[PDB]
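*Asks:* Let me begin by handing over the structure; questions about it come next.
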Amino acid sequence: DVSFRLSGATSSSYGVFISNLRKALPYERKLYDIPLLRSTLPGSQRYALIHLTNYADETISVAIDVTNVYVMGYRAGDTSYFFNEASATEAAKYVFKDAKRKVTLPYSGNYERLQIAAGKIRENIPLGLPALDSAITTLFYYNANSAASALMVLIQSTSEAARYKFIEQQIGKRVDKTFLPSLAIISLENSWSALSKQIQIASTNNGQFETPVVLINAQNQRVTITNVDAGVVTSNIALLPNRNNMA
């Protein structure tokens, strides 16, 4: 289980946190040294809680699917919370066992449903250390009217950063303030399944992609990735997802 205090948070501390986050996630191997998560695992091990104390010292545990890095929900006191999707409910069976109540959320854990419930897309969502703090505050108070965005700001500032070290750095730099994610950041979040899958394919294909993953580079423009030679891929793709877990 991962843990991080917002109090005294820095880019270094966040990097450490995300590092700890990926460290919590088990892995069967590494393609290109990129840790390939453990696809096969007991449902109990398939999830790991992030303990996260916001600036206000309000801690809450976030239930992460370790095999896909996917957030399933979170806890706040005896009140636990989980997305309406059957993945979170399964998660609820293993995590927050002590939680006296598992709350099924009124929205699915996917960006689409989250953005709908939040009433605001991730492009307009704040990101950075204050965002995780804000997330914690909102989530602990579970303002369902807006908790959706808070979940998103938190998920990206954890799960997505855990996956992409590019996302990690961008968020982690925003110690003292926040910013709406770049199209590059968001592109990574989406491409994670495609890009990494093609890395696996490419691993047995001398590094050639079959399906060229269109990724948004930092300039907010699409760039064709046909080769694992792309440094923005190899240096930023911290965690590799399993073909069995992807599609």
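In the structure tokens, each chain is lettered A, B, ... as it comes, each chain's residues begin at 1, and ligands are numbered from 1 in order of appearance.
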Wanna dump the segment 155-201 of chain A-segment 97-119 of chain A contacts at 12 Å for me, each residue with its shortest atom pair and the distance in Å to one decimal, counting only C-alpha atoms, ordered by chain and number, as CSV?

*Replies:*
```
residue,atom,partner,partner_atom,distance
A:155,CA,A:109,CA,9.7
A:156,CA,A:111,CA,10.1
A:160,CA,A:111,CA,11.9
A:186,CA,A:111,CA,10.6
A:189,CA,A:111,CA,10.1
A:190,CA,A:111,CA,9.8
```

*Asks:* Just N, CA and C atoms for this one: save the residues we selected as a PDB file, in the first residue's frame.

*Replies:*
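result02.pdb written:
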```pdb
ATOM      1  N   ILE A 155      -6.793  10.676  -9.979  1.00  0.00           N
ATOM      2  CA  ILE A 155      -6.401   9.524 -10.786  1.00  0.00           C
ATOM      3  C   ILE A 155      -5.244   9.869 -11.714  1.00  0.00           C
ATOM      4  N   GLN A 156      -5.355  10.989 -12.408  1.00  0.00           N
ATOM      5  CA  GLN A 156      -4.309  11.403 -13.328  1.00  0.00           C
ATOM      6  C   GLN A 156      -3.033  11.722 -12.548  1.00  0.00           C
ATOM      7  N   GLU A 160      -2.090   7.776 -13.748  1.00  0.00           N
ATOM      8  CA  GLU A 160      -1.534   8.159 -15.038  1.00  0.00           C
ATOM      9  C   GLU A 160      -0.070   8.561 -14.923  1.00  0.00           C
ATOM     10  N   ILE A 186      -2.761  14.099 -21.714  1.00  0.00           N
ATOM     11  CA  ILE A 186      -4.001  13.374 -21.913  1.00  0.00           C
ATOM     12  C   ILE A 186      -3.857  12.285 -22.977  1.00  0.00           C
ATOM     13  N   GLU A 189      -2.344   9.241 -21.480  1.00  0.00           N
ATOM     14  CA  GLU A 189      -3.330   8.535 -20.666  1.00  0.00           C
ATOM     15  C   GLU A 189      -4.132   7.563 -21.525  1.00  0.00           C
ATOM     16  N   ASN A 190      -4.498   8.021 -22.715  1.00  0.00           N
ATOM     17  CA  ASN A 190      -5.299   7.219 -23.639  1.00  0.00           C
ATOM     18  C   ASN A 190      -4.450   6.165 -24.337  1.00  0.00           C
TER      19      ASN A 190
END
```

*Asks:* Restricting the calculation to only C-alpha atoms, which member of A:90, A:133, A:33, A:123 is positioned closest to residue 59 of chain A?

*Replies:*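 Of A:90, A:133, A:33, A:123, the one nearest residue 59 of chain A is A:133, counting only C-alpha atoms.
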
*Asks:* Could you make a table, as a tab-separated table, of the residues of segment 152-195 of chain A that have an atom within 12 Å of an atom of segment 68-81 of chain A, each with its nearest atom pair and distance in Å to one decimal, counting only C-alpha atoms, in chain and number order?

*Replies:*
```
residue	atom	partner	partner_atom	distance
A:152	CA	A:71	CA	9.5
A:153	CA	A:71	CA	11.6
A:154	CA	A:71	CA	9.2
A:155	CA	A:71	CA	6.4
A:156	CA	A:71	CA	9.6
A:157	CA	A:71	CA	11.2
A:158	CA	A:69	CA	8.8
A:159	CA	A:69	CA	5.5
A:160	CA	A:69	CA	7.9
A:161	CA	A:69	CA	10.0
A:162	CA	A:69	CA	7.7
A:163	CA	A:69	CA	7.6
A:164	CA	A:69	CA	11.2
A:189	CA	A:70	CA	11.2
A:192	CA	A:68	CA	10.2
A:193	CA	A:68	CA	9.6
```

*Asks:* For the structure I just gave you, how does DSSP split segment 6-231 of chain A - specifically, which residues are strand (DSSP E or B)? Reply as a PDB file with N, CA, C and O atoms, in the first residue's frame.

*Replies:*
```pdb
ATOM      1  N   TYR A  27       4.807  -6.860 -10.626  1.00  0.00           N
ATOM      2  CA  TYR A  27       5.096  -6.968 -12.049  1.00  0.00           C
ATOM      3  C   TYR A  27       5.833  -8.259 -12.358  1.00  0.00           C
ATOM      4  O   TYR A  27       6.702  -8.702 -11.610  1.00  0.00           O
ATOM      5  N   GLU A  28       5.438  -8.866 -13.463  1.00  0.00           N
ATOM      6  CA  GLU A  28       5.918 -10.180 -13.842  1.00  0.00           C
ATOM      7  C   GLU A  28       7.248 -10.107 -14.569  1.00  0.00           C
ATOM      8  O   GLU A  28       8.004 -11.079 -14.587  1.00  0.00           O
ATOM      9  N   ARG A  29       7.547  -8.950 -15.142  1.00  0.00           N
ATOM     10  CA  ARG A  29       8.790  -8.772 -15.866  1.00  0.00           C
ATOM     11  C   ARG A  29       8.916  -7.331 -16.326  1.00  0.00           C
ATOM     12  O   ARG A  29       8.257  -6.450 -15.783  1.00  0.00           O
ATOM     13  N   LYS A  30       9.768  -7.089 -17.315  1.00  0.00           N
ATOM     14  CA  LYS A  30       9.892  -5.772 -17.903  1.00  0.00           C
ATOM     15  C   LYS A  30      10.384  -5.844 -19.334  1.00  0.00           C
ATOM     16  O   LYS A  30      11.449  -6.380 -19.625  1.00  0.00           O
ATOM     17  N   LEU A  31       9.576  -5.314 -20.225  1.00  0.00           N
ATOM     18  CA  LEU A  31       9.939  -5.212 -21.617  1.00  0.00           C
ATOM     19  C   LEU A  31      10.572  -3.869 -21.850  1.00  0.00           C
ATOM     20  O   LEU A  31       9.941  -2.834 -21.643  1.00  0.00           O
ATOM     21  N   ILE A  34      10.972  -1.635 -18.855  1.00  0.00           N
ATOM     22  CA  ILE A  34       9.706  -1.076 -18.414  1.00  0.00           C
ATOM     23  C   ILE A  34       8.900  -2.138 -17.674  1.00  0.00           C
ATOM     24  O   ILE A  34       8.491  -3.132 -18.280  1.00  0.00           O
ATOM     25  N   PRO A  35       8.675  -1.958 -16.360  1.00  0.00           N
ATOM     26  CA  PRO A  35       7.991  -2.955 -15.535  1.00  0.00           C
ATOM     27  C   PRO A  35       6.636  -3.359 -16.097  1.00  0.00           C
ATOM     28  O   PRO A  35       5.705  -2.553 -16.168  1.00  0.00           O
ATOM     29  N   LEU A  36       6.548  -4.614 -16.506  1.00  0.00           N
ATOM     30  CA  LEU A  36       5.301  -5.197 -16.952  1.00  0.00           C
ATOM     31  C   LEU A  36       4.531  -5.709 -15.750  1.00  0.00           C
ATOM     32  O   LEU A  36       4.933  -6.697 -15.135  1.00  0.00           O
ATOM     33  N   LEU A  37       3.436  -5.026 -15.431  1.00  0.00           N
ATOM     34  CA  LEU A  37       2.619  -5.333 -14.255  1.00  0.00           C
ATOM     35  C   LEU A  37       2.257  -6.817 -14.171  1.00  0.00           C
ATOM     36  O   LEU A  37       2.319  -7.548 -15.156  1.00  0.00           O
ATOM     37  N   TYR A  47      -5.186  -5.203  -5.888  1.00  0.00           N
ATOM     38  CA  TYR A  47      -5.504  -3.847  -5.460  1.00  0.00           C
ATOM     39  C   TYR A  47      -4.600  -3.411  -4.326  1.00  0.00           C
ATOM     40  O   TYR A  47      -4.194  -4.214  -3.480  1.00  0.00           O
ATOM     41  N   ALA A  48      -4.283  -2.127  -4.334  1.00  0.00           N
ATOM     42  CA  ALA A  48      -3.381  -1.534  -3.367  1.00  0.00           C
ATOM     43  C   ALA A  48      -3.815  -0.113  -3.063  1.00  0.00           C
ATOM     44  O   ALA A  48      -4.082   0.674  -3.966  1.00  0.00           O
ATOM     45  N   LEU A  49      -3.915   0.189  -1.787  1.00  0.00           N
ATOM     46  CA  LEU A  49      -4.445   1.460  -1.331  1.00  0.00           C
ATOM     47  C   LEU A  49      -3.392   2.553  -1.259  1.00  0.00           C
ATOM     48  O   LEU A  49      -2.311   2.353  -0.710  1.00  0.00           O
ATOM     49  N   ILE A  50      -3.715   3.703  -1.829  1.00  0.00           N
ATOM     50  CA  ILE A  50      -2.933   4.904  -1.622  1.00  0.00           C
ATOM     51  C   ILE A  50      -3.439   5.662  -0.409  1.00  0.00           C
ATOM     52  O   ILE A  50      -4.573   6.119  -0.391  1.00  0.00           O
ATOM     53  N   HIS A  51      -2.611   5.785   0.599  1.00  0.00           N
ATOM     54  CA  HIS A  51      -2.937   6.623   1.734  1.00  0.00           C
ATOM     55  C   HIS A  51      -2.486   8.028   1.404  1.00  0.00           C
ATOM     56  O   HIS A  51      -1.323   8.230   1.060  1.00  0.00           O
ATOM     57  N   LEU A  52      -3.368   9.000   1.509  1.00  0.00           N
ATOM     58  CA  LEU A  52      -3.026  10.329   1.052  1.00  0.00           C
ATOM     59  C   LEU A  52      -3.601  11.391   1.974  1.00  0.00           C
ATOM     60  O   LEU A  52      -4.813  11.586   2.047  1.00  0.00           O
ATOM     61  N   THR A  53      -2.710  12.032   2.714  1.00  0.00           N
ATOM     62  CA  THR A  53      -3.068  13.126   3.605  1.00  0.00           C
ATOM     63  C   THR A  53      -3.008  14.453   2.867  1.00  0.00           C
ATOM     64  O   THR A  53      -1.933  14.863   2.459  1.00  0.00           O
ATOM     65  N   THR A  59      -6.637  12.469   5.656  1.00  0.00           N
ATOM     66  CA  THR A  59      -6.170  11.320   4.914  1.00  0.00           C
ATOM     67  C   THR A  59      -7.332  10.529   4.311  1.00  0.00           C
ATOM     68  O   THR A  59      -8.417  10.466   4.897  1.00  0.00           O
ATOM     69  N   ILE A  60      -7.077   9.887   3.173  1.00  0.00           N
ATOM     70  CA  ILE A  60      -8.040   9.000   2.525  1.00  0.00           C
ATOM     71  C   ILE A  60      -7.288   7.980   1.684  1.00  0.00           C
ATOM     72  O   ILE A  60      -6.263   8.294   1.074  1.00  0.00           O
ATOM     73  N   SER A  61      -7.761   6.750   1.713  1.00  0.00           N
ATOM     74  CA  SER A  61      -7.124   5.666   0.976  1.00  0.00           C
ATOM     75  C   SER A  61      -7.746   5.505  -0.403  1.00  0.00           C
ATOM     76  O   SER A  61      -8.957   5.415  -0.518  1.00  0.00           O
ATOM     77  N   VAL A  62      -6.926   5.459  -1.443  1.00  0.00           N
ATOM     78  CA  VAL A  62      -7.430   5.260  -2.794  1.00  0.00           C
ATOM     79  C   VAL A  62      -7.159   3.834  -3.263  1.00  0.00           C
ATOM     80  O   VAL A  62      -6.014   3.389  -3.286  1.00  0.00           O
ATOM     81  N   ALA A  63      -8.221   3.117  -3.612  1.00  0.00           N
ATOM     82  CA  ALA A  63      -8.098   1.723  -4.034  1.00  0.00           C
ATOM     83  C   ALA A  63      -7.649   1.620  -5.483  1.00  0.00           C
ATOM     84  O   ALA A  63      -8.389   1.977  -6.400  1.00  0.00           O
ATOM     85  N   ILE A  64      -6.430   1.143  -5.680  1.00  0.00           N
ATOM     86  CA  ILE A  64      -5.864   1.009  -7.010  1.00  0.00           C
ATOM     87  C   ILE A  64      -5.820  -0.439  -7.447  1.00  0.00           C
ATOM     88  O   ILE A  64      -5.376  -1.300  -6.698  1.00  0.00           O
ATOM     89  N   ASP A  65      -6.277  -0.695  -8.649  1.00  0.00           N
ATOM     90  CA  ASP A  65      -6.039  -1.971  -9.301  1.00  0.00           C
ATOM     91  C   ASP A  65      -4.592  -2.005  -9.755  1.00  0.00           C
ATOM     92  O   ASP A  65      -4.204  -1.242 -10.621  1.00  0.00           O
ATOM     93  N   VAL A  71      -7.769   3.242 -10.838  1.00  0.00           N
ATOM     94  CA  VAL A  71      -8.410   3.566  -9.577  1.00  0.00           C
ATOM     95  C   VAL A  71      -9.815   2.987  -9.538  1.00  0.00           C
ATOM     96  O   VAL A  71     -10.551   3.050 -10.521  1.00  0.00           O
ATOM     97  N   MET A  72     -10.178   2.425  -8.403  1.00  0.00           N
ATOM     98  CA  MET A  72     -11.477   1.797  -8.251  1.00  0.00           C
ATOM     99  C   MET A  72     -12.357   2.567  -7.284  1.00  0.00           C
ATOM    100  O   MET A  72     -13.577   2.412  -7.272  1.00  0.00           O
ATOM    101  N   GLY A  73     -11.735   3.406  -6.484  1.00  0.00           N
ATOM    102  CA  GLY A  73     -12.469   4.177  -5.516  1.00  0.00           C
ATOM    103  C   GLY A  73     -11.561   4.710  -4.443  1.00  0.00           C
ATOM    104  O   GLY A  73     -10.383   4.958  -4.691  1.00  0.00           O
ATOM    105  N   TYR A  74     -12.090   4.826  -3.243  1.00  0.00           N
ATOM    106  CA  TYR A  74     -11.338   5.381  -2.121  1.00  0.00           C
ATOM    107  C   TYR A  74     -12.119   5.230  -0.820  1.00  0.00           C
ATOM    108  O   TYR A  74     -13.272   4.820  -0.823  1.00  0.00           O
ATOM    109  N   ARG A  75     -11.465   5.533   0.288  1.00  0.00           N
ATOM    110  CA  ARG A  75     -12.059   5.426   1.596  1.00  0.00           C
ATOM    111  C   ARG A  75     -11.921   6.734   2.358  1.00  0.00           C
ATOM    112  O   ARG A  75     -10.992   7.497   2.121  1.00  0.00           O
ATOM    113  N   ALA A  76     -12.837   6.961   3.285  1.00  0.00           N
ATOM    114  CA  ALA A  76     -12.817   8.137   4.130  1.00  0.00           C
ATOM    115  C   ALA A  76     -13.508   7.804   5.439  1.00  0.00           C
ATOM    116  O   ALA A  76     -14.735   7.845   5.546  1.00  0.00           O
ATOM    117  N   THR A  79     -16.453   5.050   5.880  1.00  0.00           N
ATOM    118  CA  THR A  79     -17.173   5.153   4.641  1.00  0.00           C
ATOM    119  C   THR A  79     -16.220   4.956   3.480  1.00  0.00           C
ATOM    120  O   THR A  79     -15.343   5.782   3.232  1.00  0.00           O
ATOM    121  N   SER A  80     -16.360   3.845   2.800  1.00  0.00           N
ATOM    122  CA  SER A  80     -15.583   3.611   1.604  1.00  0.00           C
ATOM    123  C   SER A  80     -16.422   3.936   0.383  1.00  0.00           C
ATOM    124  O   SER A  80     -17.639   4.063   0.476  1.00  0.00           O
ATOM    125  N   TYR A  81     -15.770   4.053  -0.753  1.00  0.00           N
ATOM    126  CA  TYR A  81     -16.415   4.487  -1.980  1.00  0.00           C
ATOM    127  C   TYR A  81     -15.794   3.751  -3.157  1.00  0.00           C
ATOM    128  O   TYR A  81     -14.593   3.479  -3.163  1.00  0.00           O
ATOM    129  N   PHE A  82     -16.608   3.463  -4.157  1.00  0.00           N
ATOM    130  CA  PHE A  82     -16.196   2.682  -5.309  1.00  0.00           C
ATOM    131  C   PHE A  82     -17.074   3.013  -6.494  1.00  0.00           C
ATOM    132  O   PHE A  82     -18.273   3.241  -6.348  1.00  0.00           O
ATOM    133  N   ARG A 101     -19.055   0.757   5.457  1.00  0.00           N
ATOM    134  CA  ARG A 101     -19.957   0.959   4.332  1.00  0.00           C
ATOM    135  C   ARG A 101     -19.213   1.189   3.027  1.00  0.00           C
ATOM    136  O   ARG A 101     -18.380   2.086   2.924  1.00  0.00           O
ATOM    137  N   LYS A 102     -19.501   0.349   2.041  1.00  0.00           N
ATOM    138  CA  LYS A 102     -18.994   0.540   0.692  1.00  0.00           C
ATOM    139  C   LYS A 102     -20.006   1.314  -0.143  1.00  0.00           C
ATOM    140  O   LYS A 102     -21.111   0.834  -0.387  1.00  0.00           O
ATOM    141  N   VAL A 103     -19.642   2.516  -0.553  1.00  0.00           N
ATOM    142  CA  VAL A 103     -20.515   3.345  -1.370  1.00  0.00           C
ATOM    143  C   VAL A 103     -20.291   3.096  -2.851  1.00  0.00           C
ATOM    144  O   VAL A 103     -19.203   3.333  -3.369  1.00  0.00           O
ATOM    145  N   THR A 104     -21.314   2.609  -3.519  1.00  0.00           N
ATOM    146  CA  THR A 104     -21.292   2.525  -4.964  1.00  0.00           C
ATOM    147  C   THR A 104     -21.593   3.895  -5.561  1.00  0.00           C
ATOM    148  O   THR A 104     -22.642   4.485  -5.294  1.00  0.00           O
ATOM    149  N   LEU A 127      -4.504  20.213 -12.459  1.00  0.00           N
ATOM    150  CA  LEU A 127      -3.563  19.136 -12.189  1.00  0.00           C
ATOM    151  C   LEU A 127      -2.325  19.695 -11.506  1.00  0.00           C
ATOM    152  O   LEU A 127      -1.885  20.806 -11.805  1.00  0.00           O
ATOM    153  N   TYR A 164       2.921   7.052 -16.894  1.00  0.00           N
ATOM    154  CA  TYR A 164       3.791   7.955 -17.630  1.00  0.00           C
ATOM    155  C   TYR A 164       4.583   8.869 -16.716  1.00  0.00           C
ATOM    156  O   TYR A 164       4.012   9.708 -16.021  1.00  0.00           O
ATOM    157  N   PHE A 179      -2.397  23.416 -13.041  1.00  0.00           N
ATOM    158  CA  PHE A 179      -2.570  23.749 -14.446  1.00  0.00           C
ATOM    159  C   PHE A 179      -3.404  22.671 -15.124  1.00  0.00           C
ATOM    160  O   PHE A 179      -3.380  21.514 -14.710  1.00  0.00           O
ATOM    161  N   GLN A 208       9.691  -2.544 -34.248  1.00  0.00           N
ATOM    162  CA  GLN A 208       8.734  -1.985 -35.185  1.00  0.00           C
ATOM    163  C   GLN A 208       7.301  -2.154 -34.691  1.00  0.00           C
ATOM    164  O   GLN A 208       6.889  -3.251 -34.311  1.00  0.00           O
ATOM    165  N   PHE A 209       6.551  -1.060 -34.686  1.00  0.00           N
ATOM    166  CA  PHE A 209       5.121  -1.105 -34.401  1.00  0.00           C
ATOM    167  C   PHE A 209       4.374  -1.716 -35.570  1.00  0.00           C
ATOM    168  O   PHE A 209       4.727  -1.493 -36.728  1.00  0.00           O
ATOM    169  N   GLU A 210       3.340  -2.477 -35.264  1.00  0.00           N
ATOM    170  CA  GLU A 210       2.406  -2.920 -36.275  1.00  0.00           C
ATOM    171  C   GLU A 210       1.427  -1.798 -36.536  1.00  0.00           C
ATOM    172  O   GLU A 210       1.352  -1.241 -37.632  1.00  0.00           O
ATOM    173  N   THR A 211       0.677  -1.484 -35.498  1.00  0.00           N
ATOM    174  CA  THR A 211      -0.236  -0.363 -35.513  1.00  0.00           C
ATOM    175  C   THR A 211       0.453   0.869 -34.927  1.00  0.00           C
ATOM    176  O   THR A 211       0.742   0.908 -33.734  1.00  0.00           O
ATOM    177  N   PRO A 212       0.747   1.884 -35.755  1.00  0.00           N
ATOM    178  CA  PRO A 212       1.406   3.102 -35.290  1.00  0.00           C
ATOM    179  C   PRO A 212       0.507   3.902 -34.365  1.00  0.00           C
ATOM    180  O   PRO A 212      -0.558   4.375 -34.773  1.00  0.00           O
ATOM    181  N   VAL A 213       0.933   4.047 -33.125  1.00  0.00           N
ATOM    182  CA  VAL A 213       0.162   4.779 -32.142  1.00  0.00           C
ATOM    183  C   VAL A 213       0.311   6.274 -32.359  1.00  0.00           C
ATOM    184  O   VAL A 213       1.426   6.797 -32.389  1.00  0.00           O
ATOM    185  N   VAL A 214      -0.805   6.952 -32.557  1.00  0.00           N
ATOM    186  CA  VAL A 214      -0.781   8.388 -32.692  1.00  0.00           C
ATOM    187  C   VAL A 214      -0.763   9.032 -31.312  1.00  0.00           C
ATOM    188  O   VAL A 214      -1.718   8.929 -30.541  1.00  0.00           O
ATOM    189  N   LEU A 215       0.343   9.665 -30.997  1.00  0.00           N
ATOM    190  CA  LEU A 215       0.512  10.300 -29.706  1.00  0.00           C
ATOM    191  C   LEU A 215       0.618  11.802 -29.881  1.00  0.00           C
ATOM    192  O   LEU A 215       1.171  12.272 -30.867  1.00  0.00           O
ATOM    193  N   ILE A 216       0.058  12.557 -28.956  1.00  0.00           N
ATOM    194  CA  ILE A 216       0.237  13.992 -28.971  1.00  0.00           C
ATOM    195  C   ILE A 216       1.542  14.358 -28.290  1.00  0.00           C
ATOM    196  O   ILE A 216       1.760  14.032 -27.124  1.00  0.00           O
ATOM    197  N   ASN A 217       2.408  15.023 -29.026  1.00  0.00           N
ATOM    198  CA  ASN A 217       3.669  15.482 -28.480  1.00  0.00           C
ATOM    199  C   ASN A 217       3.440  16.840 -27.816  1.00  0.00           C
ATOM    200  O   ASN A 217       2.383  17.450 -27.988  1.00  0.00           O
ATOM    201  N   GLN A 221       0.283  18.470 -30.810  1.00  0.00           N
ATOM    202  CA  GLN A 221       0.085  17.968 -32.152  1.00  0.00           C
ATOM    203  C   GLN A 221       0.367  16.473 -32.190  1.00  0.00           C
ATOM    204  O   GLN A 221       1.203  15.966 -31.436  1.00  0.00           O
ATOM    205  N   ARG A 222      -0.360  15.777 -33.044  1.00  0.00           N
ATOM    206  CA  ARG A 222      -0.215  14.345 -33.201  1.00  0.00           C
ATOM    207  C   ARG A 222       1.109  14.002 -33.856  1.00  0.00           C
ATOM    208  O   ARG A 222       1.538  14.653 -34.809  1.00  0.00           O
ATOM    209  N   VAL A 223       1.735  12.969 -33.341  1.00  0.00           N
ATOM    210  CA  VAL A 223       2.970  12.451 -33.893  1.00  0.00           C
ATOM    211  C   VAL A 223       2.885  10.935 -34.026  1.00  0.00           C
ATOM    212  O   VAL A 223       2.430  10.235 -33.114  1.00  0.00           O
ATOM    213  N   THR A 224       3.269  10.444 -35.187  1.00  0.00           N
ATOM    214  CA  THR A 224       3.244   9.025 -35.468  1.00  0.00           C
ATOM    215  C   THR A 224       4.374   8.293 -34.755  1.00  0.00           C
ATOM    216  O   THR A 224       5.549   8.641 -34.905  1.00  0.00           O
ATOM    217  N   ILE A 225       4.013   7.285 -33.980  1.00  0.00           N
ATOM    218  CA  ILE A 225       4.992   6.436 -33.333  1.00  0.00           C
ATOM    219  C   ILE A 225       4.967   5.049 -33.959  1.00  0.00           C
ATOM    220  O   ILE A 225       4.062   4.256 -33.701  1.00  0.00           O
ATOM    221  N   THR A 226       5.932   4.780 -34.820  1.00  0.00           N
ATOM    222  CA  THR A 226       6.041   3.477 -35.463  1.00  0.00           C
ATOM    223  C   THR A 226       7.205   2.670 -34.906  1.00  0.00           C
ATOM    224  O   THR A 226       7.366   1.495 -35.232  1.00  0.00           O
ATOM    225  N   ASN A 227       8.023   3.298 -34.080  1.00  0.00           N
ATOM    226  CA  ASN A 227       9.230   2.653 -33.589  1.00  0.00           C
ATOM    227  C   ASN A 227       9.412   2.892 -32.104  1.00  0.00           C
ATOM    228  O   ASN A 227       9.064   3.955 -31.588  1.00  0.00           O
TER     229      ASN A 227
END
```

*Asks:* So the first atom is atom CA of residue 201 of chain A and the second is atom CA of residue 245 of chain A; what is the distance between them in Å, to one decimal place?

*Replies:*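 It comes out at 14.9 Å.
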
*Asks:* Would you mind writing down, as a PyMOL selection string, each residue of segment 23-168 of chain A that DSSP on the backbone assigns to alpha helix (DSSP H)?

*Replies:* chain A and resi 23-24+86-94+111-118+129-140+144-155+161-163+165-168

*Asks:* By how many Å are atom CA of residue 25 of chain A and atom CA of residue 66 of chain A apart?

*Replies:*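 Pair atom CA of residue 25 of chain A / atom CA of residue 66 of chain A returns 4.9 Å.
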
*Asks:* Let me make sure I understand: among A:88, A:247, A:180, A:41, which one has the smallest atom-to-atom distance to residue 67 of chain A if we use only C-alpha atoms?

*Replies:* A:41

*Asks:* As a PyMOL selection string, please: the residues near residue 134 of chain A (cut-off 10 Å, only C-alpha atoms, same-chain neighbours under 3 positions excluded).

*Replies:* chain A and resi 54-56+126-131+137-140+147+150-151+153-154

*Asks:* Create the file for the chosen residues now, containing N, CA and C atoms and written as a compact mmCIF listing (two decimals), in the first residue's frame.

*Replies:*
```txt
# COMPACT_ATOMS: atom_id res chain seq x y z
N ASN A 54 -4.14 15.12 2.68
CA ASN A 54 -4.13 16.43 2.03
C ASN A 54 -3.45 17.47 2.92
N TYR A 55 -3.33 18.69 2.44
CA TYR A 55 -2.69 19.75 3.22
C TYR A 55 -3.37 19.92 4.57
N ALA A 56 -4.66 19.64 4.61
CA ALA A 56 -5.46 19.85 5.81
C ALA A 56 -5.33 18.68 6.78
N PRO A 126 -7.97 20.84 -13.25
CA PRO A 126 -6.68 21.24 -12.70
C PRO A 126 -5.81 20.04 -12.35
N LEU A 127 -4.50 20.21 -12.46
CA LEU A 127 -3.56 19.14 -12.19
C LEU A 127 -2.32 19.69 -11.51
N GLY A 128 -1.78 18.92 -10.58
CA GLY A 128 -0.69 19.38 -9.75
C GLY A 128 -0.90 18.96 -8.32
N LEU A 129 0.05 19.24 -7.44
CA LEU A 129 -0.03 18.81 -6.05
C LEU A 129 -1.31 19.32 -5.35
N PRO A 130 -1.63 20.63 -5.45
CA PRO A 130 -2.89 21.17 -4.91
C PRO A 130 -4.13 20.43 -5.42
N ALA A 131 -4.02 19.78 -6.57
CA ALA A 131 -5.16 19.10 -7.16
C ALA A 131 -5.45 17.82 -6.39
N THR A 137 -9.85 16.58 -0.26
CA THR A 137 -10.84 17.38 0.43
C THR A 137 -12.23 17.11 -0.11
N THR A 138 -12.37 17.14 -1.43
CA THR A 138 -13.66 16.96 -2.06
C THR A 138 -14.16 15.53 -1.83
N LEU A 139 -13.30 14.57 -2.13
CA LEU A 139 -13.62 13.17 -1.98
C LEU A 139 -13.95 12.77 -0.55
N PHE A 140 -13.16 13.23 0.41
CA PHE A 140 -13.42 12.93 1.81
C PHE A 140 -14.79 13.49 2.22
N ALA A 147 -17.40 15.48 -6.98
CA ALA A 147 -16.38 14.51 -6.61
C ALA A 147 -15.78 13.82 -7.83
N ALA A 150 -12.76 15.59 -8.95
CA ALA A 150 -11.77 15.33 -7.91
C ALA A 150 -11.14 13.96 -8.09
N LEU A 151 -11.97 12.96 -8.37
CA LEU A 151 -11.48 11.64 -8.69
C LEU A 151 -10.55 11.70 -9.89
N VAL A 153 -8.86 14.34 -11.20
CA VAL A 153 -7.63 15.07 -10.91
C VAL A 153 -6.68 14.19 -10.10
N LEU A 154 -7.25 13.38 -9.21
CA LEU A 154 -6.48 12.48 -8.37
C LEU A 154 -5.93 11.32 -9.19
```
